[PDB]
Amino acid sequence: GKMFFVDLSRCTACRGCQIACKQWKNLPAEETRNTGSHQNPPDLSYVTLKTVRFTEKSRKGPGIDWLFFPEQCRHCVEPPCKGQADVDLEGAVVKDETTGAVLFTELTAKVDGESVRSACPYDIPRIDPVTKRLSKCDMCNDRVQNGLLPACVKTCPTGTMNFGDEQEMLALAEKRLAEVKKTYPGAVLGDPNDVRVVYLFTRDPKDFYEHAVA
């Protein structure tokens, strides 16, 4: 299967990944206002599969801990969204066994939306208010199938975004975690046995987002 290693110790919150996702799938933009934050859109939605979250945390001495979280579907090895969807209509949520992608199909219109969202321990699934279909990061599965990196991965300048075979990426996550601990001692991988999107947080993941880890 495939995996993302996301090294948040390298993230400049450039939001190249946020725009790349929308360009590749030609998603529309949400109506946004500024309410006292660079963060926008403020939350994932039917038309936003990835948003960079910004949290400011105090530290001793000059500056702050600025925590950046490019949020997306974790593509769980055993996805709860599938089990909760299968209750209503098997086929609505599928697993591409070659890549590991957890993929919503057009049949999520038939299943219960709120149910499948509540079952997700990362609060990822988003429902179109009118059509009642569910959308989320699809791992850029067709790009991966055609031997290309996902849009958000290829676009990332810093080396935050990494993608490949789960063996090489777990090995990278391990090796990078040991190195990054030297400067950020509270550095941890997010649920590295359960998910195909393995975030390295520089501190307590909940500092980055309430649902950063299950």
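For every residue, the number given is its place in the sequence shown, counted from 1.
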Do the C-alpha atoms of 155 to 163 or of 174 to 182 have the higher average B factor in the entry?
174 to 182
Tell me which stretch, 13 to 21 or 198 to 206, has the higher mean Cα B-factor listed in the entry.
198 to 206
Classify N34 as lowest, middle or highest third according to the C-alpha B-factor given in the PDB entry, relative to its own chain.
middle
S115, C-alpha B-factor rank within chain (lowest, middle or highest third)
highest
Taking the entry's C-alpha B-factors for this chain, is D43 in the lowest, middle or highest third?
middle
Chain third (lowest, middle, highest) by recorded CA B-factor, residue given as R53
lowest
Within-chain third of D96 by Cα B-factor, per the entry
highest
